[PDB]
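Take a look at the structure set out below.
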Amino acid sequence: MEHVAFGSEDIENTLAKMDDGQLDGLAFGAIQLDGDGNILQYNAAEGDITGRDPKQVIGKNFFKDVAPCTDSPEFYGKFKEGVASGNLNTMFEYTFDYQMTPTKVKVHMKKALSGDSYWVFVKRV
Ligand SMILES: *C(=O)/C=C/c1ccc(O)cc1
Numbered sequence: 053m054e055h056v057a058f059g060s061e062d063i064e065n066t067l068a069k070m071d072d073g074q075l076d077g078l079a080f081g082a083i084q085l086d087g088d089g090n091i092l093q094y095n096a097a098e099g100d101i102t103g104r105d106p107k108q109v110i111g112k113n114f115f116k117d118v119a120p121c122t123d124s125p126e127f128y129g130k131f132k133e134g135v136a137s138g139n140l141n142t143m144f145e146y147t148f149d150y151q152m153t154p155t156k157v158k159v160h161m162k163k164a165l166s167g168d169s170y171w172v173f174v175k176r177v
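Okay, so the sequence shown: first residue is 53 according to my numbering, each after it adds one.
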């Protein structure tokens with residue numbers, strides 16, 4: 053297992069150094085998106101939470117296809133403001149309820165170190 057804590061202030065530095073294998077060792081869900089919301093990476097802990105197979109969701113659009121319950125001002129809207137402003141770093145609670153038992157989570161969205169992709173981090177609450 054990888055020793056990085058959910059919500060660490062340098063989290064994007066640590067994850068920049070990891071391959072696909074190491075992402076699967078995190079204690080929390082990790083999804084990497086491009087500026088359009090297409091899924092670039094999706095780790096095993098996130099599938100454990102949502103029941104999605106990471107190999108099937110990679111390449112799909114998070115907001116249009118995989119997670120329509122996040123297509124809302126409070127989730128997708130904050131993502132789009134962050135992409136546009138170049139500053140994305142926010143934490144909030146949310147409920148995932150599309151094709152799954154309604155599940156309360158804490159979400160941390162943050163821009164990647166290179167500034168051209170974006171992380172969504174998820175843990176149960
Ligand atoms: C509501 O539609 C949320 C869906 C969702 C969140 C996170 C995932 O990894 C997969 C689906």
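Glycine residues also receive a C-beta, built at the ideal position from the N, C-alpha and C atoms.
Between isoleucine 63 and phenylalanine 114 the beta-carbon gap is near 19 Å, outside 8 Å, which marks them as no contact.
Of all alpha-carbon atoms in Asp76, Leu92 and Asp86, the one lying nearest the alpha-carbon of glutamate 98 is that of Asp76. The C-alpha of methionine 152 is placed about 20 Å away from the C-alpha of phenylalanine 144.
When DSSP reads this structure, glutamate 145 sits in a beta bridge with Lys158. Secondary structure remark: continuous beta strand (DSSP E) runs of at least 3 residues inside the segment 62-125, in chain order: 81-85 and 91-94.
Secondary structure note for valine 135: its alpha helix (DSSP H) is the uninterrupted segment 128-137. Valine 174 carries a strand assignment under DSSP once its states are collapsed to helix, strand and coil. Annotation for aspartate 86: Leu92 and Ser169 place their beta carbon closer than 7 Å to its own, counting only its chain and skipping 5 residues before and after. Going by C-alpha positions, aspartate 105 is about 30 Å away from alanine 136. Just measuring C-alpha positions, the residue of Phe173, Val159 and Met53 sitting nearest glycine 73 is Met53.
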